[PDB]
>>> print(open('target.cif').read())   # mmCIF, N, CA and C atoms and all ligand atoms
data_target
#
loop_
_atom_site.label_atom_id
_atom_site.label_comp_id
_atom_site.auth_asym_id
_atom_site.auth_seq_id
_atom_site.Cartn_x
_atom_site.Cartn_y
_atom_site.Cartn_z
N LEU A 42 -12.17 20.34 -5.46
CA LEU A 42 -11.20 19.47 -6.15
C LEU A 42 -11.79 18.05 -6.26
N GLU A 43 -11.73 17.50 -7.45
CA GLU A 43 -11.92 16.07 -7.73
C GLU A 43 -10.89 15.22 -7.01
N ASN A 44 -11.21 13.95 -6.78
CA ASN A 44 -10.14 12.98 -6.48
C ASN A 44 -9.35 12.75 -7.75
N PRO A 45 -8.06 12.41 -7.64
CA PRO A 45 -7.33 11.89 -8.79
C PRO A 45 -7.84 10.51 -9.11
N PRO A 46 -7.61 10.04 -10.35
CA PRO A 46 -7.85 8.63 -10.64
C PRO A 46 -6.91 7.80 -9.76
N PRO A 47 -7.27 6.56 -9.48
CA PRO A 47 -6.40 5.71 -8.67
C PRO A 47 -5.16 5.33 -9.44
N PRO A 48 -4.12 4.85 -8.77
CA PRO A 48 -2.92 4.44 -9.49
C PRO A 48 -3.23 3.33 -10.48
N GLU A 49 -2.44 3.29 -11.54
CA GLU A 49 -2.60 2.20 -12.52
C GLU A 49 -2.36 0.86 -11.84
N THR A 50 -3.12 -0.16 -12.21
CA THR A 50 -3.02 -1.50 -11.60
C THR A 50 -2.82 -2.64 -12.59
N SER A 51 -2.99 -2.34 -13.86
CA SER A 51 -2.83 -3.30 -14.98
C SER A 51 -2.09 -2.57 -16.08
N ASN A 52 -1.22 -3.30 -16.75
CA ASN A 52 -0.61 -2.73 -17.96
C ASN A 52 -0.13 -3.88 -18.80
N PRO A 53 -0.85 -4.20 -19.88
CA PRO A 53 -0.41 -5.28 -20.75
C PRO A 53 0.87 -5.01 -21.54
N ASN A 54 1.38 -3.81 -21.51
CA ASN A 54 2.66 -3.51 -22.19
C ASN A 54 3.85 -3.86 -21.28
N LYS A 55 3.62 -4.32 -20.06
CA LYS A 55 4.70 -4.73 -19.11
C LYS A 55 4.85 -6.24 -19.14
N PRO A 56 6.06 -6.87 -19.45
CA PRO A 56 6.23 -8.32 -19.24
C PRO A 56 5.82 -8.74 -17.82
N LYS A 57 5.42 -10.00 -17.68
CA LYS A 57 4.79 -10.57 -16.49
C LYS A 57 5.50 -11.85 -16.06
N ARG A 58 5.60 -12.09 -14.77
CA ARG A 58 6.16 -13.34 -14.27
C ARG A 58 5.60 -13.60 -12.89
N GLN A 59 5.62 -14.87 -12.52
CA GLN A 59 5.37 -15.32 -11.15
C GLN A 59 6.70 -15.67 -10.52
N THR A 60 6.94 -15.28 -9.28
CA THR A 60 8.19 -15.58 -8.57
C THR A 60 7.89 -15.96 -7.13
N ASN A 61 8.82 -16.62 -6.51
CA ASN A 61 8.70 -17.00 -5.10
C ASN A 61 8.36 -15.79 -4.27
N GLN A 62 9.13 -14.73 -4.42
CA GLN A 62 8.93 -13.56 -3.59
C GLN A 62 7.63 -12.84 -3.92
N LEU A 63 7.23 -12.70 -5.18
CA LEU A 63 5.95 -12.04 -5.48
C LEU A 63 4.80 -12.86 -4.91
N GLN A 64 4.87 -14.17 -5.00
CA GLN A 64 3.76 -14.99 -4.48
C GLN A 64 3.69 -14.79 -2.96
N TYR A 65 4.81 -14.73 -2.27
CA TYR A 65 4.84 -14.48 -0.83
C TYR A 65 4.28 -13.10 -0.51
N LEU A 66 4.64 -12.08 -1.29
CA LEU A 66 4.12 -10.73 -1.05
C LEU A 66 2.62 -10.69 -1.11
N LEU A 67 1.97 -11.46 -1.94
CA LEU A 67 0.49 -11.48 -1.98
C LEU A 67 -0.06 -12.40 -0.88
N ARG A 68 0.42 -13.62 -0.81
CA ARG A 68 -0.21 -14.68 0.02
C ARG A 68 0.12 -14.51 1.48
N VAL A 69 1.22 -13.93 1.83
CA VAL A 69 1.67 -13.74 3.22
C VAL A 69 1.65 -12.27 3.58
N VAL A 70 2.38 -11.42 2.92
CA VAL A 70 2.54 -10.03 3.40
C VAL A 70 1.22 -9.29 3.24
N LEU A 71 0.71 -9.15 2.04
CA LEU A 71 -0.52 -8.39 1.84
C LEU A 71 -1.62 -9.06 2.65
N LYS A 72 -1.77 -10.36 2.58
CA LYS A 72 -2.88 -11.04 3.31
C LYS A 72 -2.81 -10.75 4.80
N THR A 73 -1.67 -10.75 5.42
CA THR A 73 -1.53 -10.55 6.89
C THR A 73 -1.93 -9.11 7.20
N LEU A 74 -1.49 -8.13 6.43
CA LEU A 74 -1.84 -6.72 6.71
C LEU A 74 -3.33 -6.53 6.41
N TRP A 75 -3.87 -7.11 5.38
CA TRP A 75 -5.23 -6.83 4.91
C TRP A 75 -6.25 -7.21 5.98
N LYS A 76 -6.01 -8.32 6.68
CA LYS A 76 -6.98 -8.82 7.71
C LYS A 76 -6.71 -8.22 9.10
N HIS A 77 -5.81 -7.27 9.21
CA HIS A 77 -5.58 -6.59 10.48
C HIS A 77 -6.70 -5.60 10.79
N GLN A 78 -6.96 -5.45 12.10
CA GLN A 78 -7.97 -4.48 12.61
C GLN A 78 -7.76 -3.10 11.97
N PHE A 79 -6.52 -2.70 11.80
CA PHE A 79 -6.24 -1.32 11.33
C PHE A 79 -6.02 -1.22 9.85
N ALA A 80 -6.28 -2.25 9.08
CA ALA A 80 -6.07 -2.17 7.62
C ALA A 80 -7.02 -1.20 7.00
N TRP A 81 -8.25 -1.01 7.54
CA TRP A 81 -9.36 -0.50 6.76
C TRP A 81 -9.09 0.89 6.15
N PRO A 82 -8.44 1.88 6.82
CA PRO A 82 -8.23 3.18 6.15
C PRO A 82 -7.22 3.11 4.99
N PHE A 83 -6.53 2.00 4.89
CA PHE A 83 -5.43 1.78 3.92
C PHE A 83 -5.84 0.80 2.85
N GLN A 84 -7.10 0.33 2.82
CA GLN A 84 -7.53 -0.70 1.83
C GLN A 84 -7.96 -0.09 0.50
N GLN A 85 -8.08 1.21 0.41
CA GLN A 85 -8.43 1.89 -0.84
C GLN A 85 -7.69 3.22 -0.83
N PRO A 86 -7.60 3.91 -1.99
CA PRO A 86 -7.06 5.25 -1.99
C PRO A 86 -7.76 6.17 -0.99
N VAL A 87 -7.04 7.15 -0.47
CA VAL A 87 -7.68 8.20 0.34
C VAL A 87 -8.70 8.89 -0.53
N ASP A 88 -9.95 8.89 -0.08
CA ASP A 88 -11.07 9.52 -0.81
C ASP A 88 -11.21 10.93 -0.29
N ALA A 89 -10.45 11.86 -0.83
CA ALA A 89 -10.39 13.23 -0.32
C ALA A 89 -11.74 13.92 -0.46
N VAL A 90 -12.48 13.63 -1.50
CA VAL A 90 -13.82 14.21 -1.68
C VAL A 90 -14.70 13.74 -0.54
N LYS A 91 -14.79 12.45 -0.28
CA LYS A 91 -15.70 11.92 0.76
C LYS A 91 -15.29 12.44 2.12
N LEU A 92 -14.00 12.58 2.41
CA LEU A 92 -13.52 12.96 3.75
C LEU A 92 -13.43 14.47 3.90
N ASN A 93 -13.76 15.25 2.87
CA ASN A 93 -13.61 16.73 2.89
C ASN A 93 -12.18 17.15 3.22
N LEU A 94 -11.22 16.52 2.56
CA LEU A 94 -9.77 16.76 2.75
C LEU A 94 -9.20 17.28 1.46
N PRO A 95 -9.62 18.45 1.00
CA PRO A 95 -9.16 18.93 -0.29
C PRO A 95 -7.66 19.16 -0.36
N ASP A 96 -6.95 19.32 0.77
CA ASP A 96 -5.49 19.53 0.71
C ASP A 96 -4.75 18.20 0.50
N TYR A 97 -5.39 17.03 0.55
CA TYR A 97 -4.60 15.78 0.60
C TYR A 97 -3.73 15.64 -0.65
N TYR A 98 -4.35 15.76 -1.84
CA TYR A 98 -3.60 15.58 -3.09
C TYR A 98 -2.92 16.88 -3.52
N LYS A 99 -3.03 17.94 -2.76
CA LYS A 99 -2.12 19.10 -2.92
C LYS A 99 -0.77 18.77 -2.37
N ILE A 100 -0.64 17.88 -1.41
CA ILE A 100 0.66 17.49 -0.79
C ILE A 100 1.11 16.13 -1.25
N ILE A 101 0.28 15.12 -1.33
CA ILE A 101 0.69 13.73 -1.62
C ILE A 101 0.59 13.52 -3.12
N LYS A 102 1.75 13.45 -3.75
CA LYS A 102 1.85 13.35 -5.22
C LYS A 102 2.15 11.93 -5.66
N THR A 103 2.51 11.01 -4.75
CA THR A 103 2.67 9.59 -5.05
C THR A 103 1.77 8.84 -4.10
N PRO A 104 0.45 8.96 -4.25
CA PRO A 104 -0.44 8.18 -3.38
C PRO A 104 -0.25 6.69 -3.60
N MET A 105 -0.53 5.94 -2.52
CA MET A 105 -0.49 4.47 -2.61
C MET A 105 -1.32 3.92 -1.47
N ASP A 106 -1.87 2.73 -1.70
CA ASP A 106 -2.77 2.07 -0.72
C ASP A 106 -2.69 0.58 -0.98
N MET A 107 -3.17 -0.19 -0.02
CA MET A 107 -3.09 -1.67 -0.13
C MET A 107 -4.09 -2.21 -1.16
N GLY A 108 -5.19 -1.55 -1.43
CA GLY A 108 -6.08 -2.00 -2.51
C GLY A 108 -5.36 -2.00 -3.85
N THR A 109 -4.69 -0.90 -4.12
CA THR A 109 -3.86 -0.78 -5.34
C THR A 109 -2.76 -1.85 -5.33
N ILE A 110 -2.07 -2.03 -4.24
CA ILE A 110 -0.98 -3.04 -4.21
C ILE A 110 -1.54 -4.42 -4.46
N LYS A 111 -2.67 -4.75 -3.84
CA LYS A 111 -3.32 -6.06 -4.06
C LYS A 111 -3.64 -6.27 -5.54
N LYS A 112 -4.24 -5.29 -6.17
CA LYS A 112 -4.57 -5.38 -7.59
C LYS A 112 -3.32 -5.45 -8.47
N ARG A 113 -2.29 -4.71 -8.16
CA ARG A 113 -1.01 -4.82 -8.90
C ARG A 113 -0.48 -6.24 -8.79
N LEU A 114 -0.44 -6.83 -7.61
CA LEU A 114 0.03 -8.21 -7.48
C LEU A 114 -0.87 -9.17 -8.25
N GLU A 115 -2.17 -9.01 -8.16
CA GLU A 115 -3.09 -9.93 -8.88
C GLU A 115 -2.96 -9.78 -10.38
N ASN A 116 -2.56 -8.66 -10.89
CA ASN A 116 -2.45 -8.41 -12.34
C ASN A 116 -0.99 -8.47 -12.81
N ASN A 117 -0.10 -9.00 -12.01
CA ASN A 117 1.30 -9.23 -12.42
C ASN A 117 1.94 -7.92 -12.85
N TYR A 118 1.63 -6.81 -12.18
CA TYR A 118 2.13 -5.47 -12.52
C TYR A 118 3.62 -5.34 -12.17
N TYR A 119 4.05 -6.03 -11.12
CA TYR A 119 5.44 -5.94 -10.63
C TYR A 119 6.27 -7.10 -11.18
N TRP A 120 7.45 -6.81 -11.67
CA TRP A 120 8.40 -7.86 -12.08
C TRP A 120 9.31 -8.22 -10.90
N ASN A 121 9.76 -7.24 -10.14
CA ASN A 121 10.69 -7.39 -9.01
C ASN A 121 9.96 -7.19 -7.70
N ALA A 122 10.28 -7.99 -6.71
CA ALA A 122 9.72 -7.86 -5.35
C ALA A 122 9.93 -6.46 -4.84
N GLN A 123 11.07 -5.85 -5.07
CA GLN A 123 11.30 -4.52 -4.50
C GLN A 123 10.33 -3.48 -5.05
N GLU A 124 9.79 -3.64 -6.24
CA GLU A 124 8.79 -2.65 -6.72
C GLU A 124 7.56 -2.69 -5.81
N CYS A 125 7.15 -3.83 -5.36
CA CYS A 125 6.00 -3.95 -4.45
C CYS A 125 6.38 -3.44 -3.07
N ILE A 126 7.51 -3.83 -2.52
CA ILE A 126 7.96 -3.32 -1.22
C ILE A 126 8.04 -1.79 -1.23
N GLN A 127 8.50 -1.22 -2.32
CA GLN A 127 8.54 0.25 -2.47
C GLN A 127 7.14 0.84 -2.33
N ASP A 128 6.14 0.23 -2.92
CA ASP A 128 4.78 0.74 -2.80
C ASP A 128 4.25 0.67 -1.38
N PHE A 129 4.51 -0.40 -0.63
CA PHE A 129 4.14 -0.42 0.79
C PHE A 129 4.84 0.72 1.52
N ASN A 130 6.14 0.89 1.26
CA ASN A 130 6.89 1.95 1.94
C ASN A 130 6.34 3.32 1.58
N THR A 131 5.95 3.56 0.36
CA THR A 131 5.32 4.82 -0.03
C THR A 131 4.04 5.06 0.75
N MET A 132 3.21 4.04 0.86
CA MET A 132 1.96 4.18 1.65
C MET A 132 2.28 4.63 3.05
N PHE A 133 3.23 3.99 3.71
CA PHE A 133 3.57 4.39 5.09
C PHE A 133 4.16 5.79 5.15
N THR A 134 5.11 6.10 4.30
CA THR A 134 5.70 7.44 4.37
C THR A 134 4.69 8.52 4.03
N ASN A 135 3.79 8.30 3.11
CA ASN A 135 2.74 9.29 2.87
C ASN A 135 2.00 9.59 4.15
N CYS A 136 1.64 8.56 4.92
CA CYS A 136 0.92 8.73 6.18
C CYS A 136 1.75 9.57 7.15
N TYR A 137 3.04 9.28 7.20
CA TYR A 137 3.93 9.98 8.14
C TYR A 137 4.24 11.42 7.75
N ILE A 138 4.08 11.74 6.48
CA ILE A 138 4.26 13.12 6.03
C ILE A 138 3.02 13.97 6.32
N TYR A 139 1.87 13.43 5.93
CA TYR A 139 0.61 14.18 6.03
C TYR A 139 0.11 14.45 7.45
N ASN A 140 0.35 13.47 8.31
CA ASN A 140 -0.26 13.39 9.63
C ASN A 140 0.80 13.55 10.71
N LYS A 141 0.47 14.25 11.78
CA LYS A 141 1.47 14.55 12.82
C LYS A 141 1.86 13.29 13.57
N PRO A 142 3.12 13.17 14.00
CA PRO A 142 3.51 12.04 14.85
C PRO A 142 2.57 11.87 16.04
N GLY A 143 2.19 10.62 16.28
CA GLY A 143 1.32 10.29 17.38
C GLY A 143 -0.14 10.37 17.08
N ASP A 144 -0.54 10.86 15.92
CA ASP A 144 -1.95 10.91 15.56
C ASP A 144 -2.49 9.51 15.39
N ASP A 145 -3.78 9.35 15.62
CA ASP A 145 -4.44 8.03 15.49
C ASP A 145 -4.06 7.27 14.20
N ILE A 146 -4.16 7.92 13.04
CA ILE A 146 -3.90 7.22 11.77
C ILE A 146 -2.43 6.80 11.70
N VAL A 147 -1.53 7.60 12.28
CA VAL A 147 -0.09 7.30 12.29
C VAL A 147 0.16 6.07 13.20
N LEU A 148 -0.51 6.02 14.36
CA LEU A 148 -0.36 4.85 15.25
C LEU A 148 -0.91 3.60 14.58
N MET A 149 -1.97 3.72 13.83
CA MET A 149 -2.51 2.57 13.06
C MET A 149 -1.50 2.13 12.01
N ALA A 150 -0.98 3.04 11.21
CA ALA A 150 0.04 2.73 10.20
C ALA A 150 1.25 2.12 10.86
N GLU A 151 1.71 2.62 12.00
CA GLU A 151 2.91 2.07 12.66
C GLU A 151 2.65 0.60 13.10
N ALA A 152 1.47 0.29 13.54
CA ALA A 152 1.10 -1.11 13.95
C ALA A 152 1.14 -2.03 12.73
N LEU A 153 0.69 -1.57 11.57
CA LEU A 153 0.81 -2.34 10.32
C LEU A 153 2.25 -2.44 9.86
N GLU A 154 3.03 -1.37 9.96
CA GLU A 154 4.38 -1.37 9.44
C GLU A 154 5.24 -2.35 10.26
N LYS A 155 5.02 -2.46 11.56
CA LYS A 155 5.77 -3.43 12.38
C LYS A 155 5.56 -4.82 11.79
N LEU A 156 4.35 -5.20 11.49
CA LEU A 156 4.06 -6.53 10.96
C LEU A 156 4.65 -6.68 9.58
N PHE A 157 4.56 -5.65 8.74
CA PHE A 157 5.17 -5.65 7.40
C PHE A 157 6.65 -5.95 7.51
N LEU A 158 7.36 -5.23 8.32
CA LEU A 158 8.82 -5.44 8.41
C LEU A 158 9.15 -6.86 8.86
N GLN A 159 8.41 -7.39 9.81
CA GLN A 159 8.64 -8.78 10.25
C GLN A 159 8.50 -9.69 9.04
N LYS A 160 7.45 -9.55 8.25
CA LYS A 160 7.24 -10.48 7.14
C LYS A 160 8.30 -10.26 6.07
N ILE A 161 8.76 -9.05 5.81
CA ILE A 161 9.81 -8.82 4.81
C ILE A 161 11.11 -9.47 5.26
N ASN A 162 11.36 -9.52 6.56
CA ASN A 162 12.57 -10.21 7.06
C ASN A 162 12.49 -11.70 6.81
N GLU A 163 11.39 -12.29 6.43
CA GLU A 163 11.20 -13.72 6.15
C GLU A 163 10.99 -13.95 4.66
N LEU A 164 11.34 -13.01 3.77
CA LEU A 164 11.13 -13.22 2.32
C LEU A 164 11.79 -14.54 1.90
N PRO A 165 11.16 -15.35 1.05
CA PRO A 165 11.76 -16.62 0.64
C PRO A 165 12.91 -16.41 -0.36
N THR A 166 13.63 -17.50 -0.59
CA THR A 166 14.76 -17.56 -1.50
C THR A 166 14.40 -17.25 -2.95
N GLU A 167 15.16 -16.35 -3.56
CA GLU A 167 15.01 -15.95 -4.95
C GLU A 167 15.50 -17.04 -5.94
N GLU A 168 14.87 -17.10 -7.11
CA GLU A 168 15.28 -17.99 -8.21
C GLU A 168 16.64 -17.57 -8.79
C1 LIG B 201 -10.66 3.60 2.73
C2 LIG B 201 -10.02 4.94 2.41
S1 LIG B 201 -11.15 6.26 2.64
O1 LIG B 201 -12.34 5.98 1.90
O2 LIG B 201 -10.45 7.48 2.30
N1 LIG B 201 -11.59 6.27 4.18
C3 LIG B 201 -10.87 6.81 5.26
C4 LIG B 201 -9.50 7.09 5.22
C5 LIG B 201 -8.84 7.67 6.31
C6 LIG B 201 -7.44 8.15 6.19
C7 LIG B 201 -7.16 9.47 6.63
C8 LIG B 201 -5.88 10.00 6.55
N2 LIG B 201 -5.59 11.29 6.94
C9 LIG B 201 -6.41 12.02 7.88
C10 LIG B 201 -6.04 13.49 7.96
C11 LIG B 201 -6.94 14.24 8.92
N3 LIG B 201 -6.93 13.63 10.25
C12 LIG B 201 -7.41 12.23 10.20
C13 LIG B 201 -6.51 11.41 9.28
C14 LIG B 201 -4.81 9.22 5.99
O3 LIG B 201 -3.62 9.59 5.93
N4 LIG B 201 -5.16 7.93 5.57
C15 LIG B 201 -4.11 7.06 5.04
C16 LIG B 201 -6.45 7.42 5.63
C17 LIG B 201 -9.53 7.95 7.49
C18 LIG B 201 -10.89 7.65 7.53
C19 LIG B 201 -11.58 7.10 6.44
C20 LIG B 201 -12.98 7.01 6.80
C21 LIG B 201 -13.08 7.45 8.07
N5 LIG B 201 -11.83 7.85 8.55
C22 LIG B 201 -11.60 8.56 9.80
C23 LIG B 201 -12.75 8.19 10.80
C24 LIG B 201 -10.30 8.12 10.48
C25 LIG B 201 -9.58 9.08 11.07
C26 LIG B 201 -8.44 8.73 11.71
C27 LIG B 201 -8.02 7.41 11.77
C28 LIG B 201 -8.84 6.46 11.21
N6 LIG B 201 -9.98 6.81 10.57
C29 LIG B 201 -11.48 10.10 9.60
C30 LIG B 201 -11.43 10.96 10.69
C31 LIG B 201 -11.32 12.33 10.49
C32 LIG B 201 -11.20 12.83 9.23
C33 LIG B 201 -11.15 11.94 8.19
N7 LIG B 201 -11.24 10.59 8.37
NA NA B 202 8.52 -3.21 -17.46
#
>>> encode(input="target.cif", output="structure tokens")
Amino acid sequence: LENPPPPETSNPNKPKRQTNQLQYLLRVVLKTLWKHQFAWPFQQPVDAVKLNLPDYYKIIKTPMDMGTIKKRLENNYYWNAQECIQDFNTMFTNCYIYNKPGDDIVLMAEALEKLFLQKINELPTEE
């Protein structure tokens, strides 16, 4: 099995805006998770070909990763903050579905998700 193409990250047919909350999601939330010790398996799509994990995209039909989220934020792909928060949540739940509770990758994702939730509780005031 091939890898799937990565999720779309640019679309000029989508209106674009800058907002307080989107700027925070890139400059604070994504930046804080990205520089964490455990970010690295989540910084790009799961490369099922390289990892010899041919079952990965047989089960995970909404893949998501922080590389994709970073590029979506940089390309103004999201209009609403919740569209970006949904993508972080998808990344975490994908990990929790594929991998057994307590597995190394799950403990890494849980350490990132704790920090994510703290930063989402500090989202700035909407326009
Ligand atoms: C940047 C994305 S990538 O190119 O796809 N690279 C990598 C991604 C991932 C990874 C693996 C997952 N699932 C597997 C399922 C089988 N058991 C292990 C976890 C997963 O859900 N996510 C989100 C990311 C692990 C990686 C590497 C590279 C090395 N590892 C290993 C060493 C790994 C394993 C566990 C925890 C952390 N790292 C690895 C070990 C065994 C098999 C595959 N990868
Ligand atoms: Na739109």
>>> closest_atom_pairs(input="target.cif", of="chain A", to="ligand LIG 201 (chain B)", cutoff="8 Å", atoms="all atoms listed in the file", output="Markdown table")
| residue | atom | partner | partner_atom | distance |
| --- | --- | --- | --- | --- |
| A:80 | C | B:LIG201 | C1 | 7.4 |
| A:81 | C | B:LIG201 | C1 | 4.6 |
| A:82 | C | B:LIG201 | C1 | 4.1 |
| A:83 | N | B:LIG201 | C1 | 4.9 |
| A:84 | N | B:LIG201 | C1 | 4.8 |
| A:85 | N | B:LIG201 | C1 | 4.2 |
| A:86 | C | B:LIG201 | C2 | 4.3 |
| A:87 | CA | B:LIG201 | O2 | 3.5 |
| A:88 | N | B:LIG201 | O2 | 2.8 |
| A:89 | N | B:LIG201 | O2 | 5.4 |
| A:90 | N | B:LIG201 | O2 | 7.5 |
| A:91 | CA | B:LIG201 | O1 | 6.9 |
| A:92 | CA | B:LIG201 | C33 | 5.1 |
| A:93 | N | B:LIG201 | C33 | 6.8 |
| A:94 | CA | B:LIG201 | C10 | 7.2 |
| A:97 | CA | B:LIG201 | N2 | 7.8 |
| A:105 | C | B:LIG201 | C15 | 7.7 |
| A:106 | CA | B:LIG201 | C15 | 7.7 |
| A:132 | C | B:LIG201 | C15 | 7.1 |
| A:135 | C | B:LIG201 | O3 | 5.9 |
| A:136 | CA | B:LIG201 | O3 | 4.6 |
| A:137 | N | B:LIG201 | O3 | 6.8 |
| A:138 | C | B:LIG201 | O3 | 8.0 |
| A:139 | CA | B:LIG201 | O3 | 6.2 |
| A:140 | CA | B:LIG201 | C10 | 6.0 |
| A:141 | N | B:LIG201 | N3 | 7.6 |
| A:144 | C | B:LIG201 | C27 | 6.9 |
| A:145 | C | B:LIG201 | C27 | 4.6 |
| A:146 | N | B:LIG201 | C27 | 4.1 |
| A:147 | N | B:LIG201 | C27 | 6.5 |
| A:149 | N | B:LIG201 | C27 | 7.4 |
| A:150 | CA | B:LIG201 | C15 | 7.9 |
>>> residues_around(input="target.cif", residues="residue 49 (chain A)", least_positions_apart="4", cutoff="12 Å", atoms="only C-alpha atoms", output="list in words")
residues 45, 53, 86, 103, 104, 105, 106, 108, 109, 110, 111, 112, 113, 114, 116, 118 and 119 of chain A
>>> residues_near_ligand(input="target.cif", ligand="ligand NA 202 (chain B)", cutoff="7 Å", atoms="only N, CA and C atoms and all ligand atoms", output="PyMOL selection string")
chain A and resi 54-56+120
>>> atom_distance(input="target.cif", atom1="atom N of residue 123 (chain A)", atom2="atom C of residue 142 (chain A)")
28.8 Å
>>> select_by_dssp(input="target.cif", residues="chain A", states="helix (DSSP H, G or I)", output="VMD selection string")
chain A and resid 61 to 75 78 to 83 89 to 92 97 to 100 107 to 115 122 to 139 145 to 161
>>> closest_residue(input="target.cif", among="A:100, A:156, A:164, A:107", to="residue 128 (chain A)", atoms="only N, CA and C atoms")
A:107
>>> residues_around(input="target.cif", residues="residue 95 (chain A)", least_positions_apart="6", cutoff="9 Å", atoms="only C-alpha atoms", output="list in words")
residues 42, 43, 44 and 89 of chain A
>>> atom_distance(input="target.cif", atom1="CA of residue 60 (chain A)", atom2="atom C of residue 117 (chain A)")
10.8 Å
>>> atom_distance(input="target.cif", atom1="atom N of residue 130 (chain A)", atom2="atom C of residue 163 (chain A)")
16.0 Å
>>> residues_around(input="target.cif", residues="residue 157 (chain A)", least_positions_apart="4", cutoff="9 Å", atoms="only C-alpha atoms", output="ChimeraX atom specification")
/A:70-71,73-74,129,152-153,161-162
>>> closest_residue(input="target.cif", among="A:158, A:148, A:61, A:51", to="residue 115 (chain A)", atoms="all atoms listed in the file")
A:51
